[PDB]
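Student: This is the structure, below, for whatever I ask next.
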Amino acid sequence: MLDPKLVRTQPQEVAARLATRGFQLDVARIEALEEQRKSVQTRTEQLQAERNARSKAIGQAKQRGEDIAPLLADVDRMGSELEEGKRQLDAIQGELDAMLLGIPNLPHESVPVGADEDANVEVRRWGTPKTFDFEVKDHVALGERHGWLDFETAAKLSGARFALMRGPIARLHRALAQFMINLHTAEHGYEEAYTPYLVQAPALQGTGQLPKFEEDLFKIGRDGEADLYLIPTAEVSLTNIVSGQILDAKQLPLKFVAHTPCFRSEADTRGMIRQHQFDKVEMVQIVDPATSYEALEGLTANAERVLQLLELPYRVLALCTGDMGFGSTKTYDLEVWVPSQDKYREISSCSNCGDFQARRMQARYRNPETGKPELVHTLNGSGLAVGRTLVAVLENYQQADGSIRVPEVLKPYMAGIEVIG
Amino acid sequence: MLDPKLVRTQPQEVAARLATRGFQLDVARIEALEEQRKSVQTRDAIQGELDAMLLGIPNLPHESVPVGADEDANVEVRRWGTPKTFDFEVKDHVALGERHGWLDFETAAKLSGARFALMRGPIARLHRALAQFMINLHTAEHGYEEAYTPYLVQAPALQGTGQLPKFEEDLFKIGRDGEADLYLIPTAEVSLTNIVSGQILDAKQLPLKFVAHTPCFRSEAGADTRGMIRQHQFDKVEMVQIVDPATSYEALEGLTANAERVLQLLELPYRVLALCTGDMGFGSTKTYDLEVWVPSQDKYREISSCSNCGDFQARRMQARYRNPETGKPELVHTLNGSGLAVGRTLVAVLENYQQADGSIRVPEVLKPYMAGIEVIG
Ligand SMILES: N[C@@H](CO)C(=O)NS(=O)(=O)OC[C@H]1O[C@@H](n2ccc(=O)[nH]c2=O)[C@H](O)[C@@H]1O
Ligand SMILES: N[C@@H](CO)C(=O)NS(=O)(=O)OC[C@H]1O[C@@H](n2ccc(=O)[nH]c2=O)[C@H](O)[C@@H]1O
Ligand code: NA
Ligand code: NA
């Protein structure tokens, strides 16, 4: 949600900034709803003044021995219309609230203005993509050799976009997630959390997936119970820890990390790049609004540190205005080198949401200067999507015989295995 | 599913064995559908109806299973360890965990409603340490091959292990428009056992031993309103075996020993119960439950269920192996056991390891996973 006062008073300036994202704010409907509210409000003030005067005139008419029936009838009608004016004002505000829940976040002024992914800029890259002495195999070919990466059995169980891992490939995937959580908790100041993987609709509205992106979620319909949704990311469960709260400024920043499965039914056919279920180690920050853009740089560096320690070549992209997620003011995407594709592929998105999610969940902090509750800023970033990191490890660490060399940092988690297959 | 030949040649003995479970075999409806189809063929709708009945029949209990009507007829076969005598008033896991916000039911209820939990900091780390310890133990010492599986399955996998068609109400279903519906797994038994469905294994591939650490999702109305003992979501480290039928009862003893070893290493006193005929799960021929000591309850509470399913799930899945003696593809036997339910192990750890001041001693085997933490709070 954007500042409702800003949307109502400056629709044209808000529309100009949203236009950089290719989003067309319905200024005509906002102005028409505002004109309707003003018209009804002026009528209710005129009515309130009229009714109060007629009610007091009854007392005076009684003192004169006069007929109070014309005054009682005016009071009754005026009161009835005032009740309608209230239902009208609530229905107008209700329509405006529903509209304001469908508006994307305002991009920060430091975001390059662009209409598509071609206006995204490379910020930096680290590491050199290996030049192999043989014909590179993709993760599917590498993993299928001994049945340790199995899409056929997964399809037998669950249909398309699922995977089964076994033996050393299952162990490597677990080693990756453990490595990620251990790193963020030990060196990056994150507090570990285990969360529910099923949430009700208010949590999803809090982070922005609802009301607009319901179709991308798996929903569990329940008889005379609130519906449950499978989390698309731990961002939903973690960010909502602080919903409806007034935090002490001394508690900021609140830094959370969770390793969870992530479920998406969103409308890369071969492999585990795009899945209905995938593990992701998620980093979430609840911060002082004054520090959030600096916090984003640190968040992006925490995700980068995983790729650097795994010696995986990667690139950092600054997303342009036309290529950002709904709730983001600024995003950095990390893309890892994928030998079989001869290109970098997305492995993380690190975003500053500003006060947009905090407004939807009423996540506040008490400002030390004013002593008043103010909205916190929120940030989230993948550190990292675990299945995609597995794809990157298998392909970058492949040897001539189809075996996989175990990354140095993963050897303590691999029970003596240094070479897979 | 039961051997259809047995249901045909011995209906009275099969009905008498099922009666010990409190199940009444509709011998008349089977005898009628057999006499009708024999007349209909002599002169496919009757088959579809018999199949539905056949799929609603629970497994035959093994002869060694104690006969009893309910949980009060369960037999304690052995125990391990001495439940600790505390020199102060014992607190439950809820009071222990809530102290610093590290176990939070309130934030979890705000997110998802009742029967969910949020863990943070050292309690979240302790839960993760428990699941890592369990999967590391079974893979290094007990011969299990690790597996990562889907947590969403379609209806055939659940029918393969027995949750479908009879127990649909206990599952969370994701209704999908113009696609087959998905169900959240109630246990990794579902995904793991179905690995071998519709296959003919080589006898040399046996025993196939799988271990997975997965969340488990259940919506059961039949069954602990306070705490994380009963949850709509809980982690569990599942052990599954696909075996040669001649070895399955010996395999059950080894599987139960694998679950017990987790409790022994964590120094958690427990007891082993042989479930009676009337307290057995639908797909089991024989079950041992492990019940861990819970100091605030002054009793042992279920933490694991280890079962031999015989050829029941193998029949539903058409999971076979080529018998080396006959050359014929024969049904395998399947087994499954919790090694262990992670949330309930965390409950057992917080309560058994609690100190007078409300702090929690870290079990010895978990100290390598706790990043220097030896005392929680
Ligand atoms: N909470 C934020 C930051 O993690 C978020 O979820 N953003 S994201 O870009 O939608 O998702 C975060 C990351 O998840 C991975 N991913 C996505 C879809 C899929 O099928 N498989 C994947 O591995 C992508 O690499 C992506 O950068
Ligand atoms: N696949 C087999 C063997 O694990 C199986 O699922 N059996 S079981 O008994 O249904 O479930 C296995 C175990 O899961 C635990 N449990 C159960 C319900 C709940 O809400 N929370 C729990 O922690 C119980 O300790 C139980 O013994
Ligand atoms: Na993205
Ligand atoms: Na049980």
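Labels used: A, B, ... for chains in the order of the structure tokens, numbers from 1 for residues in each chain, and numbers from 1 for ligands as shown.
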Please extract the residues at most 8 Å from ligand 3, counting only C-alpha atoms and all ligand atoms, and provide them as a PyMOL selection string, using the chain letters and residue numbers of this document.

Tutor: chain A and resi 325+333+346+348-349

Student: Write a file of the selected residues as a PDB file, in the first residue's frame, keeping N, CA and C atoms.

Tutor:
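Just written: part.pdb:
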ATOM      1  N   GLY A 325       9.347  -6.238  -9.015  1.00  0.00           N
ATOM      2  CA  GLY A 325       8.252  -6.919  -8.328  1.00  0.00           C
ATOM      3  C   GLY A 325       7.295  -5.894  -7.742  1.00  0.00           C
ATOM      4  N   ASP A 333      19.173  -8.158  -8.488  1.00  0.00           N
ATOM      5  CA  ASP A 333      19.082  -9.591  -8.771  1.00  0.00           C
ATOM      6  C   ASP A 333      20.497 -10.161  -8.867  1.00  0.00           C
ATOM      7  N   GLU A 346      19.266 -16.189 -12.914  1.00  0.00           N
ATOM      8  CA  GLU A 346      18.761 -15.675 -11.639  1.00  0.00           C
ATOM      9  C   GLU A 346      18.796 -16.750 -10.534  1.00  0.00           C
ATOM     10  N   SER A 348      18.825 -15.225  -6.946  1.00  0.00           N
ATOM     11  CA  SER A 348      18.352 -14.374  -5.851  1.00  0.00           C
ATOM     12  C   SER A 348      17.793 -13.052  -6.359  1.00  0.00           C
ATOM     13  N   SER A 349      16.853 -12.473  -5.593  1.00  0.00           N
ATOM     14  CA  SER A 349      16.309 -11.135  -5.773  1.00  0.00           C
ATOM     15  C   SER A 349      16.358 -10.528  -4.369  1.00  0.00           C
TER      16      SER A 349
END

Student: Which residues of chain A are close to chain B, meaning at most 7 Å apart when you count only C-alpha atoms, and how do they look as a list in words?

Tutor: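 Contact residues on the first chain: residues 153, 154, 157, 158, 162, 163, 164, 165, 166, 167, 170, 171, 191, 192, 193, 194, 195, 196, 198, 199, 200, 203, 218, 219, 220, 237 and 241 of chain A.
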
Student: Please provide as a PyMOL selection string all residues within 10 Å of residue 173 (chain A), with the sequence filter that same-chain residues fewer than 3 positions apart are discarded (counting only C-alpha atoms).

Tutor: (chain A and resi 165-166+168-170+176-179+279+386-391+393+410) or (chain B and resi 148)

Student: Only C-alpha atoms, please: the residues just picked out, written as an mmCIF file, in the first residue's frame.

Tutor:
data_model
loop_
_atom_site.group_PDB
_atom_site.id
_atom_site.type_symbol
_atom_site.label_atom_id
_atom_site.label_comp_id
_atom_site.auth_asym_id
_atom_site.auth_seq_id
_atom_site.Cartn_x
_atom_site.Cartn_y
_atom_site.Cartn_z
ATOM 1 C CA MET A 165 16.890 -36.294 -5.116
ATOM 2 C CA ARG A 166 18.669 -39.294 -3.618
ATOM 3 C CA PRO A 168 24.915 -37.798 -2.520
ATOM 4 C CA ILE A 169 22.815 -35.308 -4.598
ATOM 5 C CA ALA A 170 20.133 -35.179 -1.804
ATOM 6 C CA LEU A 176 23.908 -26.238 0.719
ATOM 7 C CA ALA A 177 20.920 -25.201 2.868
ATOM 8 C CA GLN A 178 22.812 -25.958 6.131
ATOM 9 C CA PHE A 179 25.850 -23.988 4.880
ATOM 10 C CA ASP A 279 13.868 -24.845 -1.014
ATOM 11 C CA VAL A 386 18.702 -23.896 -2.834
ATOM 12 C CA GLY A 387 17.642 -25.936 -5.916
ATOM 13 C CA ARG A 388 19.155 -23.283 -8.265
ATOM 14 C CA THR A 389 22.395 -23.293 -6.221
ATOM 15 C CA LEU A 390 22.437 -27.104 -6.635
ATOM 16 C CA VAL A 391 22.073 -26.686 -10.461
ATOM 17 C CA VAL A 393 27.204 -26.534 -8.153
ATOM 18 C CA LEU A 410 30.541 -28.162 1.623
ATOM 19 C CA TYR B 148 14.528 -35.171 -0.897
#

Student: Tell me, which residues of region 45-266 of chain A carry DSSP alpha helix (DSSP H), written as a PyMOL selection string?

Tutor: chain A and resi 45-63+69-100+139-144+151-158+167-187+201-207+234-239

Student: Can you tell me which residues come within 10 Å of ligand 1 when counting only C-alpha atoms and all ligand atoms, ideally as an MDAnalysis selection string?

Tutor: chainID A and resid 161 207 231:236 238:239 262:266 268 272:284 303 324:325 328 331:336 345:351 379:391

Student: Kindly save the residues from that selection, with C-alpha atoms included, as an mmCIF file, in the first residue's frame.

Tutor:
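That gives us out-v1.cif:
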data_model
loop_
_atom_site.group_PDB
_atom_site.id
_atom_site.type_symbol
_atom_site.label_atom_id
_atom_site.label_comp_id
_atom_site.auth_asym_id
_atom_site.auth_seq_id
_atom_site.Cartn_x
_atom_site.Cartn_y
_atom_site.Cartn_z
ATOM 1 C CA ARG A 161 7.588 -29.411 -11.984
ATOM 2 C CA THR A 207 3.468 -8.791 2.144
ATOM 3 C CA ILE A 231 3.843 -20.023 1.316
ATOM 4 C CA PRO A 232 5.447 -18.922 -1.994
ATOM 5 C CA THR A 233 8.525 -17.739 0.057
ATOM 6 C CA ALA A 234 9.487 -17.416 3.809
ATOM 7 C CA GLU A 235 9.274 -13.659 3.128
ATOM 8 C CA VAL A 236 5.483 -14.040 3.855
ATOM 9 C CA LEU A 238 9.008 -13.880 8.423
ATOM 10 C CA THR A 239 7.961 -10.285 7.515
ATOM 11 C CA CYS A 262 8.454 -22.532 -1.348
ATOM 12 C CA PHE A 263 5.312 -23.379 -3.337
ATOM 13 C CA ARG A 264 4.113 -21.597 -6.484
ATOM 14 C CA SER A 265 1.511 -22.409 -9.204
ATOM 15 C CA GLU A 266 2.523 -19.674 -11.633
ATOM 16 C CA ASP A 268 12.475 -24.039 -18.235
ATOM 17 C CA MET A 272 14.749 -28.062 -11.568
ATOM 18 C CA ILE A 273 15.158 -24.328 -12.475
ATOM 19 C CA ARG A 274 11.355 -23.738 -12.255
ATOM 20 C CA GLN A 275 9.490 -25.912 -9.737
ATOM 21 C CA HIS A 276 6.078 -26.031 -7.984
ATOM 22 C CA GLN A 277 8.177 -26.719 -4.813
ATOM 23 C CA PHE A 278 11.748 -25.525 -4.116
ATOM 24 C CA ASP A 279 13.868 -24.845 -1.014
ATOM 25 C CA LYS A 280 15.074 -21.338 -0.366
ATOM 26 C CA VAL A 281 17.100 -19.795 2.462
ATOM 27 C CA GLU A 282 15.360 -16.435 2.965
ATOM 28 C CA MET A 283 16.790 -13.289 4.620
ATOM 29 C CA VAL A 284 14.351 -10.687 5.997
ATOM 30 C CA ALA A 303 23.570 -13.202 -0.671
ATOM 31 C CA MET A 324 10.429 -4.846 -10.648
ATOM 32 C CA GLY A 325 8.252 -6.919 -8.328
ATOM 33 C CA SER A 328 9.645 -3.303 -4.350
ATOM 34 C CA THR A 331 15.846 -4.529 -6.393
ATOM 35 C CA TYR A 332 19.198 -6.176 -7.044
ATOM 36 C CA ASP A 333 19.082 -9.591 -8.771
ATOM 37 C CA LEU A 334 21.987 -12.037 -8.484
ATOM 38 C CA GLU A 335 22.525 -14.356 -11.453
ATOM 39 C CA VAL A 336 24.878 -17.343 -11.268
ATOM 40 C CA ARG A 345 20.710 -17.308 -14.522
ATOM 41 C CA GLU A 346 18.761 -15.675 -11.639
ATOM 42 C CA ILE A 347 19.470 -17.256 -8.177
ATOM 43 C CA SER A 348 18.352 -14.374 -5.851
ATOM 44 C CA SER A 349 16.309 -11.135 -5.773
ATOM 45 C CA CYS A 350 17.175 -8.654 -2.936
ATOM 46 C CA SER A 351 14.594 -5.924 -2.468
ATOM 47 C CA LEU A 379 13.596 -5.886 3.036
ATOM 48 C CA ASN A 380 13.911 -9.430 1.790
ATOM 49 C CA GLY A 381 16.455 -11.349 -0.254
ATOM 50 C CA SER A 382 17.223 -14.936 -1.287
ATOM 51 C CA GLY A 383 20.424 -16.247 0.326
ATOM 52 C CA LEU A 384 19.862 -18.415 -1.762
ATOM 53 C CA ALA A 385 17.224 -20.410 -3.734
ATOM 54 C CA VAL A 386 18.702 -23.896 -2.834
ATOM 55 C CA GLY A 387 17.642 -25.936 -5.916
ATOM 56 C CA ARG A 388 19.155 -23.283 -8.265
ATOM 57 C CA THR A 389 22.395 -23.293 -6.221
ATOM 58 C CA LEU A 390 22.437 -27.104 -6.635
ATOM 59 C CA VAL A 391 22.073 -26.686 -10.461
#

Student: Could you report the residues within 8 Å of ligand 4, using only C-alpha atoms and all ligand atoms, as an MDAnalysis selection string?

Tutor: chainID B and resid 281 289 302 304:305

Student: Would you save the residues of that selection, restricted to N, CA and C atoms, as a compact mmCIF listing (two decimals), in the first residue's frame?

Tutor:
# COMPACT_ATOMS: atom_id res chain seq x y z
N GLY B 281 -2.75 -49.23 13.05
CA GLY B 281 -3.01 -48.38 11.90
C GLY B 281 -3.47 -49.27 10.75
N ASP B 289 5.34 -48.85 18.93
CA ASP B 289 5.37 -47.42 19.20
C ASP B 289 6.46 -47.12 20.21
N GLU B 302 3.88 -40.86 22.89
CA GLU B 302 4.24 -41.32 21.55
C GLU B 302 5.15 -40.31 20.80
N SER B 304 7.17 -42.01 18.01
CA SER B 304 7.49 -42.82 16.84
C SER B 304 6.55 -43.99 16.72
N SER B 305 6.29 -44.38 15.48
CA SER B 305 5.51 -45.55 15.15
C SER B 305 6.30 -46.30 14.07

Student: Quick one: residues within 10 Å of ligand 2, with only C-alpha atoms and all ligand atoms, as a VMD selection string?

Tutor: chain B and resid 115 161 185 to 190 192 to 193 216 to 220 223 to 224 228 to 240 259 280 to 281 284 287 to 292 301 to 307 335 to 345 347

Student: Can you pull out every residue within 7 Å of region 104-106 of chain A, counting only C-alpha atoms, but drop anything in the same chain fewer than 5 positions away, and send it as a list in words?

Tutor: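 Residues meeting the cut-off are residues 2, 17, 18, 326, 327, 328, 329 and 356 of chain A.
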
Student: Those selected residues, please, written with C-alpha atoms and delivered as a PDB file, in the first residue's frame.

Tutor:
ATOM      1  CA  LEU A   2       1.172   3.521  -0.841  1.00  0.00           C
ATOM      2  CA  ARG A  17       6.126   7.759 -10.847  1.00  0.00           C
ATOM      3  CA  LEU A  18       3.967   4.613 -11.429  1.00  0.00           C
ATOM      4  CA  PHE A 326       4.944  -5.471  -7.060  1.00  0.00           C
ATOM      5  CA  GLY A 327       6.136  -4.584  -3.520  1.00  0.00           C
ATOM      6  CA  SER A 328       9.645  -3.303  -4.350  1.00  0.00           C
ATOM      7  CA  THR A 329      11.060   0.265  -4.414  1.00  0.00           C
ATOM      8  CA  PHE A 356       4.720  -0.594   1.560  1.00  0.00           C
TER       9      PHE A 356
END

Student: So that I can see what lies close to residue 289 (chain A), please list as a PyMOL selection string the residues with an atom at most 12 Å from it, counting only C-alpha atoms and leaving out residues fewer than 4 positions away in the same chain.

Tutor: chain A and resi 249+252-253+285+293-296+352-356+358+363-367+374-379

Student: Next, write the just-selected residues to a file, as a short mmCIF file (atom, residue, chain, number, x, y, z; two decimals), in the first residue's frame, keeping N, CA and C atoms as the atom set.

Tutor:
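The resulting file, part-v9.cif, is shown below:
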data_model
loop_
_atom_site.label_atom_id
_atom_site.label_comp_id
_atom_site.auth_asym_id
_atom_site.auth_seq_id
_atom_site.Cartn_x
_atom_site.Cartn_y
_atom_site.Cartn_z
N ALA A 249 12.52 1.37 19.06
CA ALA A 249 13.58 1.68 18.09
C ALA A 249 14.91 0.94 18.35
N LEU A 252 15.50 -2.43 16.48
CA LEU A 252 15.85 -2.32 15.06
C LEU A 252 17.36 -2.27 14.81
N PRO A 253 17.90 -2.96 13.78
CA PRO A 253 17.19 -3.83 12.82
C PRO A 253 16.85 -5.20 13.37
N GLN A 285 14.68 -8.38 6.72
CA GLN A 285 15.08 -7.32 7.64
C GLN A 285 13.93 -6.36 7.90
N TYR A 293 18.12 1.85 2.52
CA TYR A 293 18.87 1.76 1.26
C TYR A 293 20.28 1.26 1.51
N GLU A 294 20.85 1.57 2.68
CA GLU A 294 22.16 1.06 3.10
C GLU A 294 21.99 -0.43 3.46
N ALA A 295 20.87 -0.77 4.16
CA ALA A 295 20.49 -2.13 4.54
C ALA A 295 20.37 -3.02 3.30
N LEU A 296 19.82 -2.49 2.16
CA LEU A 296 19.72 -3.23 0.89
C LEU A 296 21.10 -3.63 0.33
N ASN A 352 14.30 -3.76 -1.44
CA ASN A 352 13.89 -2.87 -0.38
C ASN A 352 12.43 -2.58 -0.71
N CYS A 353 11.54 -2.89 0.23
CA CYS A 353 10.11 -2.66 0.08
C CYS A 353 9.69 -1.30 0.62
N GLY A 354 10.61 -0.59 1.29
CA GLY A 354 10.26 0.69 1.90
C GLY A 354 9.22 0.44 2.98
N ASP A 355 8.21 1.29 3.06
CA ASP A 355 7.14 1.18 4.07
C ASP A 355 5.84 0.52 3.54
N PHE A 356 5.86 -0.01 2.29
CA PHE A 356 4.72 -0.59 1.56
C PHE A 356 4.11 -1.83 2.26
N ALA A 358 4.92 -2.75 5.45
CA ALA A 358 4.66 -2.26 6.81
C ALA A 358 3.29 -1.57 6.89
N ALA A 363 3.00 -2.55 10.74
CA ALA A 363 4.27 -2.86 11.41
C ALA A 363 4.93 -1.52 11.63
N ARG A 364 4.97 -1.09 12.88
CA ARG A 364 5.49 0.20 13.28
C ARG A 364 6.61 0.13 14.32
N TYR A 365 7.28 1.26 14.54
CA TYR A 365 8.30 1.44 15.56
C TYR A 365 8.05 2.81 16.22
N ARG A 366 8.45 2.99 17.48
CA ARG A 366 8.25 4.29 18.12
C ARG A 366 9.47 5.20 17.84
N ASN A 367 9.28 6.25 17.03
CA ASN A 367 10.32 7.20 16.63
C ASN A 367 10.84 7.94 17.88
N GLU A 374 5.64 5.10 13.89
CA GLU A 374 5.91 5.32 12.47
C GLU A 374 6.11 3.96 11.81
N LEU A 375 5.88 3.86 10.51
CA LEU A 375 6.05 2.60 9.79
C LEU A 375 7.52 2.23 9.67
N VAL A 376 7.83 0.96 9.85
CA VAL A 376 9.20 0.45 9.67
C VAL A 376 9.41 0.29 8.15
N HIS A 377 10.65 0.01 7.72
CA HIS A 377 10.87 -0.37 6.33
C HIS A 377 11.15 -1.87 6.36
N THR A 378 10.84 -2.59 5.29
CA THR A 378 11.12 -4.03 5.25
C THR A 378 11.93 -4.34 4.02
N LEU A 379 12.76 -5.39 4.12
CA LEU A 379 13.60 -5.89 3.04
C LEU A 379 13.61 -7.39 3.07
#

Student: Could you tell me how far CA of residue 226 (chain B) sits from CA of residue 356 (chain B), in Å to one decimal place?

Tutor: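 Between these atoms lies a distance of 22.5 Å.
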
Student: For a quick check of understanding, using only C-alpha atoms, which of A:49, A:394, A:33, A:71 has the smallest distance to residue 99 (chain A)?

Tutor: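 For residue 99 (chain A), the nearest of the given residues is A:33.
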
Student: I'd like the contact shell of region 120-124 of chain A - 12 Å cut-off, only C-alpha atoms, skipping same-chain residues fewer than 5 positions apart - returned as a list in words.

Tutor: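 Counting only C-alpha atoms, the residues come to residues 111, 112, 113, 114, 115, 297, 300, 301, 304, 313, 314, 315, 316, 317, 318, 319, 320, 321, 322, 323, 324, 330, 331, 332, 333, 334, 335 and 344 of chain A.
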
Student: Would you output that residue set with N, CA, C and O atoms, as a CSV table (one decimal), in the first residue's frame?

Tutor:
chain,number,residue,atom,x,y,z
A,111,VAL,N,16.6,4.2,-9.0
A,111,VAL,CA,16.3,3.1,-9.9
A,111,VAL,C,16.3,3.6,-11.3
A,111,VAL,O,15.6,4.6,-11.6
A,112,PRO,N,17.2,3.0,-12.2
A,112,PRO,CA,17.2,3.5,-13.6
A,112,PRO,C,15.8,3.3,-14.2
A,112,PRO,O,15.1,2.3,-14.0
A,113,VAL,N,15.3,4.4,-14.9
A,113,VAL,CA,14.0,4.4,-15.6
A,113,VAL,C,14.1,3.5,-16.9
A,113,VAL,O,15.0,3.8,-17.7
A,114,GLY,N,13.3,2.6,-17.0
A,114,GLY,CA,13.2,1.7,-18.2
A,114,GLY,C,11.9,1.0,-18.3
A,114,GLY,O,11.3,0.8,-17.3
A,115,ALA,N,11.5,0.6,-19.5
A,115,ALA,CA,10.3,0.0,-19.8
A,115,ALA,C,10.3,-1.6,-19.7
A,115,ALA,O,9.3,-2.2,-19.6
A,297,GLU,N,22.1,-2.7,0.4
A,297,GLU,CA,23.5,-3.0,0.0
A,297,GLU,C,24.1,-4.1,0.8
A,297,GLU,O,24.7,-5.0,0.2
A,300,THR,N,22.2,-7.5,-0.1
A,300,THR,CA,22.7,-8.0,-1.4
A,300,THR,C,24.1,-8.7,-1.2
A,300,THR,O,24.4,-9.7,-1.7
A,301,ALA,N,25.0,-8.0,-0.4
A,301,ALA,CA,26.4,-8.5,-0.1
A,301,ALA,C,26.3,-9.9,0.7
A,301,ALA,O,27.1,-10.8,0.5
A,304,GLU,N,25.5,-12.4,-1.9
A,304,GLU,CA,26.8,-12.6,-2.7
A,304,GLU,C,27.8,-13.4,-2.0
A,304,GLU,O,28.5,-14.2,-2.7
A,313,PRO,N,30.9,-18.3,-10.1
A,313,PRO,CA,30.9,-16.9,-10.8
A,313,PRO,C,29.4,-16.4,-10.9
A,313,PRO,O,28.5,-17.2,-11.1
A,314,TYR,N,29.3,-15.1,-10.7
A,314,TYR,CA,27.9,-14.5,-10.7
A,314,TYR,C,28.0,-13.1,-11.2
A,314,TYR,O,29.1,-12.5,-11.3
A,315,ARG,N,26.8,-12.5,-11.4
A,315,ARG,CA,26.7,-11.1,-11.8
A,315,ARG,C,25.6,-10.5,-11.0
A,315,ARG,O,24.7,-11.2,-10.5
A,316,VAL,N,25.7,-9.2,-10.7
A,316,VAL,CA,24.7,-8.4,-9.9
A,316,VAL,C,24.0,-7.5,-10.9
A,316,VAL,O,24.7,-6.7,-11.5
A,317,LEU,N,22.7,-7.5,-10.9
A,317,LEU,CA,21.9,-6.6,-11.8
A,317,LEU,C,21.1,-5.6,-11.0
A,317,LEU,O,20.4,-6.1,-10.0
A,318,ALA,N,21.0,-4.3,-11.4
A,318,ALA,CA,20.1,-3.4,-10.8
A,318,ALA,C,18.8,-3.4,-11.7
A,318,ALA,O,19.0,-3.2,-12.9
A,319,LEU,N,17.7,-3.8,-11.1
A,319,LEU,CA,16.5,-3.9,-12.0
A,319,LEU,C,16.0,-2.5,-12.3
A,319,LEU,O,16.0,-1.6,-11.4
A,320,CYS,N,15.5,-2.3,-13.5
A,320,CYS,CA,15.0,-1.0,-13.9
A,320,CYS,C,13.5,-0.9,-13.4
A,320,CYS,O,12.9,-1.9,-12.9
A,321,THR,N,12.9,0.3,-13.5
A,321,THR,CA,11.5,0.6,-13.0
A,321,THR,C,10.5,-0.3,-13.6
A,321,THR,O,9.6,-0.8,-12.9
A,322,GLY,N,10.7,-0.7,-14.9
A,322,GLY,CA,9.8,-1.6,-15.7
A,322,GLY,C,10.0,-3.0,-15.5
A,322,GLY,O,9.2,-3.8,-16.0
A,323,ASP,N,11.0,-3.4,-14.6
A,323,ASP,CA,11.2,-4.9,-14.4
A,323,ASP,C,11.2,-5.3,-12.9
A,323,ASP,O,11.9,-6.2,-12.5
A,324,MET,N,10.4,-4.6,-12.1
A,324,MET,CA,10.4,-4.8,-10.6
A,324,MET,C,9.2,-5.6,-10.1
A,324,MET,O,8.1,-5.5,-10.8
A,330,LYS,N,13.2,-0.9,-4.9
A,330,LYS,CA,14.5,-1.1,-5.5
A,330,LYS,C,14.9,-2.5,-5.3
A,330,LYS,O,14.8,-3.1,-4.2
A,331,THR,N,15.4,-3.1,-6.4
A,331,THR,CA,15.8,-4.5,-6.4
A,331,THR,C,17.2,-4.7,-7.1
A,331,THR,O,17.4,-4.2,-8.2
A,332,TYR,N,18.0,-5.6,-6.5
A,332,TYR,CA,19.2,-6.2,-7.0
A,332,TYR,C,19.0,-7.7,-7.3
A,332,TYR,O,18.6,-8.4,-6.3
A,333,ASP,N,19.2,-8.2,-8.5
A,333,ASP,CA,19.1,-9.6,-8.8
A,333,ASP,C,20.5,-10.2,-8.9
A,333,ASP,O,21.4,-9.5,-9.5
A,334,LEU,N,20.7,-11.3,-8.3
A,334,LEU,CA,22.0,-12.0,-8.5
A,334,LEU,C,21.7,-13.1,-9.5
A,334,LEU,O,20.6,-13.7,-9.5
A,335,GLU,N,22.6,-13.3,-10.5
A,335,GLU,CA,22.5,-14.4,-11.5
A,335,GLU,C,23.8,-15.1,-11.5
A,335,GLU,O,24.9,-14.5,-11.6
A,344,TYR,N,24.4,-16.3,-17.5
A,344,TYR,CA,24.1,-16.2,-16.0
A,344,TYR,C,22.6,-16.3,-15.9
A,344,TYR,O,21.8,-15.8,-16.7

Student: What does the distance between CA of residue 4 (chain A) and CA of residue 209 (chain A) come to in Å, to one decimal place?

Tutor: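 It comes out at 19.2 Å.
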
Student: Return the single residue from B:49, B:168, B:376, B:263 that is closest to residue 355 (chain B), with distances computed using only C-alpha atoms.

Tutor: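 Ranked by minimum distance to residue 355 (chain B), first place goes to B:376.
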
Student: So the first atom is CA of residue 361 (chain A) and the second is CA of residue 244 (chain A); what is the distance between them in Å, to one decimal place?

Tutor: 6.1 Å

Student: Which one is closest to residue 415 (chain A): A:223, A:117, A:186, A:172? Count only C-alpha atoms.

Tutor: A:172

Student: Pick out the residues sitting within 12 Å of residue 418 (chain A), and hand them over as a list in words; count only C-alpha atoms, and ignore anything fewer than 4 positions along from it in its own chain.

Tutor: residues 168, 172, 397, 403, 404, 405, 406, 407, 408, 409, 410, 411, 412, 413 and 414 of chain A

Student: Restricting the calculation to only C-alpha atoms, which member of B:295, B:178, B:372, B:58 is positioned closest to residue 91 (chain B)?

Tutor: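 Between B:295, B:178, B:372, B:58, the residue approaching residue 91 (chain B) most closely is B:295.
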
Student: Residues of region 61-303 of chain A classed as strand (DSSP E) by DSSP on the backbone are to be reported as an NGL selection string.

Tutor: :A and (121-126 or 149-150 or 164-166 or 191-194 or 198-199 or 219-220 or 228-230 or 246-248 or 254-263 or 277-287)
